[PDB]
Amino acid sequence: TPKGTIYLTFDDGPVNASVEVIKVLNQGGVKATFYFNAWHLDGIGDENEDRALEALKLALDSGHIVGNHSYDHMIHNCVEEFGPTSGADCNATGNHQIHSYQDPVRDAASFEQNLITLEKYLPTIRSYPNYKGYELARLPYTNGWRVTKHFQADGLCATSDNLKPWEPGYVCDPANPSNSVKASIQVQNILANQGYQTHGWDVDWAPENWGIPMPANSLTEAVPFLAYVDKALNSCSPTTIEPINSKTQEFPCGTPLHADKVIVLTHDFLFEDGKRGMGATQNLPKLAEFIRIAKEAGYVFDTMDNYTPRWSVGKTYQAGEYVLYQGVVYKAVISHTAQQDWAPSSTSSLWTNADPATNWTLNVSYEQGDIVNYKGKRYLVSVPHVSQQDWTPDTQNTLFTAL
Amino acid sequence: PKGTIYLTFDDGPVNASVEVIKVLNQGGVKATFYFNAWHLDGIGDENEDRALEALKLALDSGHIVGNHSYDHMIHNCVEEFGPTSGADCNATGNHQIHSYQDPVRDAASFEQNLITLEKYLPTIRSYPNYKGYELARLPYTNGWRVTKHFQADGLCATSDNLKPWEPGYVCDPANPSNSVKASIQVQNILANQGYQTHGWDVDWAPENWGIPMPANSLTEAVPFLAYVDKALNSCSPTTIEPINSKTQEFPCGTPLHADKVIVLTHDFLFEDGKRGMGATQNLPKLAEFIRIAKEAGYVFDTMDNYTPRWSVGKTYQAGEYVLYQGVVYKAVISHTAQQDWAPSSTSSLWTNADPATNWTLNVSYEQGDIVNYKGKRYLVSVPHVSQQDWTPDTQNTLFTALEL
Ligand SMILES: [Ca+2]
Ligand SMILES: [Ca+2]
Ligand SMILES: [Zn+2]
Ligand SMILES: [Zn+2]
């Protein structure tokens, strides 16, 4: 058995720098997950991105998983009016993490616009099974999780209503989060109701020193970075990670789905020779070496579509274990061996639906105190039970209490 | 029942939709509404200040909501799309000219529709009868993507220059307009996103568009019921007039179409306004029609049930079709359905029969089928059922890559 599983996740592509990243992954014999912002395809993301479409194609042809990071990384919330210069304008002020989320309905819509743009520039994109843009997402700035009904948590100081975390007098209060944070929580919930899973991260491969003129040069070297990964293995990193805005304060430490796994966050743009330093020259070798030594150390690499393991026939499942099947999360009812014809579903006796959603749904095991939406109204679950078609909340005033 | 009628209303939500919905409720039937969300933005050039109220009433009443595109393709009717474009296009009457152009943009209008609906009614996904992401119908076009073996296009639905009633108009199904070809591509893009699309058998419309107040001439209830009887098991999409409403290659006798009539009509025909006294004259036609159709032995259903739901305990014959969790399946063998033996991507009892073209698991592929996979096109050389190990890029005895 492997020491553990590493999930390499790259955010904020597709950009020019993405091309050589992908080749290093391919040479290293691994697959990774890229959470993309399609505004780079429109040439308005203020990066070197004329090869953005080439990069998207290469990632997909190479078998890497493509997930959804929103169309514009929420830069519409950093400027007065969104347009071709907004990316540059927001870099001018450095106000990315201030008022990052405002109208959650509009902000969640940015993930659907991302799908439109990706499918505009690459009209064949849905013929790739590794296109997961409509299944897997990650919120900008936010170490937030919607994995299963019992595995979800928010980044409670991810974004701010005024001061940045390093500025003097900055105050983070998880118990009374910022308006931006509250908005981001609603965004998570909207996406979950559209069938997305969202995942945060355990470790962030970033500059060790942002105060030099080429901060990318300071990216952690492979050996010490592997030490960070070893340290994160089974140690609830999302609660102890720094800085404070990268935390998931109420991450469910010890949750079985998270055991023996480390999600690495990094950014394509840290591997470019450019305005952040000699990223290609200094850091592509670090990536190559990290992959080699991680494997030597006993790790294997996987992608986020398998973070929740796919249901597989012949496997013996235990009561309470989670699988993913056709994009939906299910939880085993009893110990059994999966047969071909016994796949999880909305009518299975062997599984219940355990998507991290809040709209009332068939064959879900509801707990007391859960709140579900049904036909535009909210309902408290008063009697815990497994939902069925004839027990809709509008007809069941003992099991549910209207709010 | 002697048959099932599917009442379908297009081009809402508008003020006129409110009274239609109430007649349906009092008549004890559910219907399907194919909506254009631009009315919620107030730019659709109808009486539409109650648009959001109507969308809510349709949903709260249990009617099914389906996707008719954001702007009814008016962006293709004008030079630059804006708040006045519906009015501009009505001023010219060029709706059916160049109606489909860039099919990627045109299909994206269906996704934009989802965005706008979910903007004005953030709770909309909490309604099981919201089917905006599952059921669609193309503007102007009697086109169908129901199953892998039940699909056909409206070959003269739209034009590159001349309207069907104008001097010089020619329609050739064997060499369709550029607009039509683009619309065929839109159908395929939507099918690959999981949509079914459905056309219609009969269109409840003005008998005479040339008289003043043309909405008033909407067919009376009794003769309209006559039209429905005539359509029942008679392949109406091939014989219907006018020419731009035809589905020339409709698969007459296809099993899912048996004993069913889909009626198309438009909410706006039922208001008192610019098209005539539609509320006064036509709401009672709708009410009476429902009553006499039930008397004659018809029942009414919605388009989410046009492909019947998989039902536990039911016996199925090999070859029969069901809808399960939004996906069409065909039975591989006769058997009795049971709880844990539902259709799926791994079932031995069913195969996926969605009307899509991207390579998909557990599909019964036929010789000559062309599938898309990882950006390339493949011809199926021998029939087989797809499985994870048999991907087209690795199975050259099953698939042959086509040249770009
Ligand atoms: Ca999902
Ligand atoms: Ca479907
Ligand atoms: Zn990011
Ligand atoms: Zn229409």
# chains A, B, ... in the order shown; residues from 1 in each chain; ligands from 1
$ residues_near_ligand --ligand "ligand 2" --cutoff "7 Å" --atoms "only C-alpha atoms and all ligand atoms" --output "number ranges by chain"
B: 134, 194-196, 326-328, 354
$ residues_near_ligand --ligand "ligand 3" --cutoff "10 Å" --atoms "only C-alpha atoms and all ligand atoms" --output "PyMOL selection string"
chain A and resi 10-13+35-37+69-70+72-74+138-142+265-267
$ write_last_selection --atoms "C-alpha atoms" --output "CSV table (one decimal), in the first residue's frame"
chain,number,residue,atom,x,y,z
A,10,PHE,CA,-3.0,24.2,-10.1
A,11,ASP,CA,-5.1,27.4,-10.0
A,12,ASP,CA,-5.6,30.4,-12.2
A,13,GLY,CA,-4.7,29.1,-15.7
A,35,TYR,CA,-8.9,24.9,-11.8
A,36,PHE,CA,-9.2,27.4,-14.7
A,37,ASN,CA,-10.5,31.0,-15.1
A,69,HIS,CA,-12.4,28.4,-10.7
A,70,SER,CA,-14.9,31.0,-12.0
A,72,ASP,CA,-12.9,36.1,-13.7
A,73,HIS,CA,-11.5,35.1,-10.3
A,74,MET,CA,-14.1,37.5,-8.9
A,138,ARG,CA,-12.8,25.8,-6.1
A,139,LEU,CA,-13.6,29.3,-5.0
A,140,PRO,CA,-11.1,32.1,-5.5
A,141,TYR,CA,-9.2,33.0,-2.2
A,142,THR,CA,-11.1,30.5,-0.2
A,265,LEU,CA,-2.4,24.0,-4.1
A,266,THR,CA,-0.1,25.9,-6.4
A,267,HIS,CA,-0.5,28.4,-9.3
$ closest_atom_pairs --of "chain A" --to "ligand 1" --cutoff "9 Å" --atoms "only C-alpha atoms and all ligand atoms" --output "JSON lines"
{"residue": "A:134", "atom": "CA", "partner": "ligand 1", "partner_atom_place_in_ligand_line": "1 (Ca)", "distance": 8.2}
{"residue": "A:135", "atom": "CA", "partner": "ligand 1", "partner_atom_place_in_ligand_line": "1 (Ca)", "distance": 5.3}
{"residue": "A:136", "atom": "CA", "partner": "ligand 1", "partner_atom_place_in_ligand_line": "1 (Ca)", "distance": 7.6}
{"residue": "A:192", "atom": "CA", "partner": "ligand 1", "partner_atom_place_in_ligand_line": "1 (Ca)", "distance": 7.7}
{"residue": "A:193", "atom": "CA", "partner": "ligand 1", "partner_atom_place_in_ligand_line": "1 (Ca)", "distance": 8.9}
{"residue": "A:194", "atom": "CA", "partner": "ligand 1", "partner_atom_place_in_ligand_line": "1 (Ca)", "distance": 7.7}
{"residue": "A:195", "atom": "CA", "partner": "ligand 1", "partner_atom_place_in_ligand_line": "1 (Ca)", "distance": 4.0}
{"residue": "A:196", "atom": "CA", "partner": "ligand 1", "partner_atom_place_in_ligand_line": "1 (Ca)", "distance": 4.8}
{"residue": "A:197", "atom": "CA", "partner": "ligand 1", "partner_atom_place_in_ligand_line": "1 (Ca)", "distance": 5.8}
{"residue": "A:324", "atom": "CA", "partner": "ligand 1", "partner_atom_place_in_ligand_line": "1 (Ca)", "distance": 8.3}
{"residue": "A:325", "atom": "CA", "partner": "ligand 1", "partner_atom_place_in_ligand_line": "1 (Ca)", "distance": 8.8}
{"residue": "A:326", "atom": "CA", "partner": "ligand 1", "partner_atom_place_in_ligand_line": "1 (Ca)", "distance": 7.8}
{"residue": "A:327", "atom": "CA", "partner": "ligand 1", "partner_atom_place_in_ligand_line": "1 (Ca)", "distance": 4.2}
{"residue": "A:328", "atom": "CA", "partner": "ligand 1", "partner_atom_place_in_ligand_line": "1 (Ca)", "distance": 4.5}
{"residue": "A:329", "atom": "CA", "partner": "ligand 1", "partner_atom_place_in_ligand_line": "1 (Ca)", "distance": 6.8}
{"residue": "A:355", "atom": "CA", "partner": "ligand 1", "partner_atom_place_in_ligand_line": "1 (Ca)", "distance": 6.9}
{"residue": "A:356", "atom": "CA", "partner": "ligand 1", "partner_atom_place_in_ligand_line": "1 (Ca)", "distance": 8.7}
$ interface_residues --of "chain B" --to "chain A" --cutoff "8 Å" --atoms "only C-alpha atoms" --output "ChimeraX atom specification"
/B:59-60,104-105,108,111,115,118-119,122-128,192-193,325,339-342,344-349,358-359,372-375
$ write_last_selection --atoms "N, CA, C and O atoms" --output "tab-separated table (two decimals), in the first residue's frame"
chain	number	residue	atom	x	y	z
B	59	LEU	N	-44.49	27.56	-11.48
B	59	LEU	CA	-43.73	26.61	-10.67
B	59	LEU	C	-44.49	26.16	-9.43
B	59	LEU	O	-44.51	24.99	-9.12
B	60	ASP	N	-45.19	27.09	-8.77
B	60	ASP	CA	-45.87	26.78	-7.52
B	60	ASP	C	-47.07	25.91	-7.85
B	60	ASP	O	-47.51	25.11	-7.03
B	104	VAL	N	-22.51	27.78	-31.81
B	104	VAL	CA	-21.94	27.79	-30.47
B	104	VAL	C	-22.52	28.92	-29.62
B	104	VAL	O	-22.96	28.70	-28.47
B	105	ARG	N	-22.55	30.13	-30.19
B	105	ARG	CA	-23.23	31.27	-29.56
B	105	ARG	C	-24.72	31.00	-29.37
B	105	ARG	O	-25.30	31.33	-28.33
B	108	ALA	N	-25.28	28.63	-26.56
B	108	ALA	CA	-24.95	29.30	-25.32
B	108	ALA	C	-26.13	30.14	-24.80
B	108	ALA	O	-26.21	30.42	-23.62
B	111	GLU	N	-27.87	28.27	-22.16
B	111	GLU	CA	-27.21	28.30	-20.87
B	111	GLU	C	-27.41	29.66	-20.18
B	111	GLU	O	-27.57	29.75	-18.96
B	115	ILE	N	-28.87	30.97	-16.39
B	115	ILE	CA	-28.33	32.05	-15.55
B	115	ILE	C	-29.39	33.08	-15.15
B	115	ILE	O	-29.54	33.43	-13.97
B	118	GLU	N	-32.16	31.72	-12.80
B	118	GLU	CA	-31.61	31.50	-11.47
B	118	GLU	C	-31.20	32.81	-10.79
B	118	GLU	O	-30.98	32.86	-9.57
B	119	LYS	N	-31.07	33.87	-11.58
B	119	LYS	CA	-30.90	35.22	-11.04
B	119	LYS	C	-32.19	35.80	-10.45
B	119	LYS	O	-32.21	36.27	-9.30
B	122	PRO	N	-33.76	32.87	-7.39
B	122	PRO	CA	-32.61	32.11	-6.86
B	122	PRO	C	-32.99	30.74	-6.30
B	122	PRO	O	-32.12	29.89	-6.20
B	123	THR	N	-34.25	30.54	-5.93
B	123	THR	CA	-34.68	29.26	-5.36
B	123	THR	C	-35.14	28.26	-6.41
B	123	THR	O	-35.65	27.18	-6.08
B	124	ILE	N	-34.98	28.58	-7.69
B	124	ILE	CA	-35.66	27.80	-8.73
B	124	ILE	C	-35.24	26.31	-8.75
B	124	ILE	O	-36.06	25.43	-9.02
B	125	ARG	N	-33.99	26.00	-8.44
B	125	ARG	CA	-33.57	24.58	-8.45
B	125	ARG	C	-34.21	23.72	-7.36
B	125	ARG	O	-34.13	22.48	-7.40
B	126	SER	N	-34.87	24.35	-6.41
B	126	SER	CA	-35.53	23.63	-5.33
B	126	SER	C	-36.89	23.09	-5.78
B	126	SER	O	-37.56	22.38	-5.02
B	127	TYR	N	-37.31	23.44	-7.00
B	127	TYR	CA	-38.55	22.93	-7.57
B	127	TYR	C	-38.26	21.71	-8.43
B	127	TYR	O	-37.52	21.82	-9.40
B	128	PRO	N	-38.86	20.55	-8.11
B	128	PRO	CA	-38.59	19.40	-8.98
B	128	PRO	C	-39.14	19.60	-10.40
B	128	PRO	O	-38.65	19.00	-11.36
B	192	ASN	N	-25.60	16.96	-26.39
B	192	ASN	CA	-24.36	16.62	-25.69
B	192	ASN	C	-24.23	17.25	-24.30
B	192	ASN	O	-23.39	16.83	-23.50
B	193	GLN	N	-25.08	18.23	-24.01
B	193	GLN	CA	-25.19	18.76	-22.65
B	193	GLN	C	-26.28	18.06	-21.82
B	193	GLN	O	-26.55	18.46	-20.69
B	325	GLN	N	-33.48	9.48	-13.87
B	325	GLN	CA	-32.56	10.54	-13.46
B	325	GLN	C	-32.09	11.39	-14.64
B	325	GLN	O	-30.93	11.81	-14.70
B	339	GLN	N	-35.92	-2.51	-7.16
B	339	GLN	CA	-35.24	-1.37	-6.55
B	339	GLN	C	-33.75	-1.22	-6.84
B	339	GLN	O	-33.28	-0.14	-7.26
B	340	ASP	N	-32.98	-2.27	-6.57
B	340	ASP	CA	-31.53	-2.17	-6.71
B	340	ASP	C	-31.02	-2.45	-8.11
B	340	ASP	O	-29.80	-2.46	-8.33
B	341	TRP	N	-31.93	-2.70	-9.05
B	341	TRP	CA	-31.55	-3.02	-10.43
B	341	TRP	C	-32.04	-1.92	-11.37
B	341	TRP	O	-32.77	-2.18	-12.34
B	342	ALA	N	-31.64	-0.69	-11.07
B	342	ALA	CA	-32.05	0.49	-11.82
B	342	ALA	C	-31.16	0.68	-13.04
B	342	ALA	O	-30.04	0.16	-13.10
B	344	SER	N	-28.41	2.34	-15.37
B	344	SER	CA	-27.20	3.10	-15.06
B	344	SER	C	-26.15	2.82	-16.12
B	344	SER	O	-26.37	2.02	-17.02
B	345	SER	N	-25.00	3.47	-15.96
B	345	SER	CA	-23.86	3.34	-16.85
B	345	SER	C	-23.15	1.99	-16.74
B	345	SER	O	-22.24	1.69	-17.52
B	346	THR	N	-23.57	1.16	-15.79
B	346	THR	CA	-22.98	-0.16	-15.61
B	346	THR	C	-23.99	-1.32	-15.60
B	346	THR	O	-23.61	-2.47	-15.45
B	347	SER	N	-25.27	-1.00	-15.75
B	347	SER	CA	-26.33	-1.99	-15.75
B	347	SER	C	-26.23	-2.99	-16.90
B	347	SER	O	-26.04	-2.60	-18.04
B	348	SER	N	-26.43	-4.27	-16.60
B	348	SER	CA	-26.52	-5.29	-17.66
B	348	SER	C	-27.91	-5.32	-18.30
B	348	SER	O	-28.09	-5.89	-19.37
B	349	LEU	N	-28.90	-4.70	-17.64
B	349	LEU	CA	-30.29	-4.78	-18.08
B	349	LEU	C	-30.72	-3.65	-19.02
B	349	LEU	O	-31.75	-3.76	-19.68
B	358	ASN	N	-21.49	12.51	-28.31
B	358	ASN	CA	-20.23	12.25	-27.62
B	358	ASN	C	-20.20	10.82	-27.12
B	358	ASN	O	-21.22	10.29	-26.68
B	359	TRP	N	-19.05	10.18	-27.23
B	359	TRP	CA	-18.90	8.82	-26.75
B	359	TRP	C	-19.24	8.80	-25.27
B	359	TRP	O	-18.77	9.63	-24.50
B	372	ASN	N	-17.99	11.50	-30.93
B	372	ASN	CA	-16.89	12.42	-30.62
B	372	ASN	C	-16.19	11.96	-29.36
B	372	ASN	O	-16.84	11.59	-28.37
B	373	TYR	N	-14.87	12.01	-29.37
B	373	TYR	CA	-14.10	11.60	-28.20
B	373	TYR	C	-12.78	12.33	-28.17
B	373	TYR	O	-11.98	12.24	-29.11
B	374	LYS	N	-12.57	13.08	-27.09
B	374	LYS	CA	-11.37	13.86	-26.87
B	374	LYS	C	-11.01	14.68	-28.09
B	374	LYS	O	-9.86	14.67	-28.54
B	375	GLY	N	-12.01	15.37	-28.62
B	375	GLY	CA	-11.83	16.32	-29.70
B	375	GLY	C	-11.77	15.74	-31.10
B	375	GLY	O	-11.58	16.48	-32.06
$ residues_around --residues "residue 297 (chain B)" --least-positions-apart "6" --cutoff "8 Å" --atoms "only C-alpha atoms" --output "ChimeraX atom specification"
/B:1-3
$ write_last_selection --atoms "N, CA and C atoms" --output "mmCIF file, in the first residue's frame"
data_model
loop_
_atom_site.group_PDB
_atom_site.id
_atom_site.type_symbol
_atom_site.label_atom_id
_atom_site.label_comp_id
_atom_site.auth_asym_id
_atom_site.auth_seq_id
_atom_site.Cartn_x
_atom_site.Cartn_y
_atom_site.Cartn_z
ATOM 1 N N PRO B 1 -56.835 5.296 -21.459
ATOM 2 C CA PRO B 1 -57.173 6.533 -22.168
ATOM 3 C C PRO B 1 -57.034 6.317 -23.655
ATOM 4 N N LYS B 2 -57.802 7.026 -24.475
ATOM 5 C CA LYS B 2 -57.612 6.876 -25.914
ATOM 6 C C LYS B 2 -56.287 7.519 -26.319
ATOM 7 N N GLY B 3 -55.758 8.400 -25.471
ATOM 8 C CA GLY B 3 -54.467 9.019 -25.734
ATOM 9 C C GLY B 3 -54.025 10.011 -24.677
#
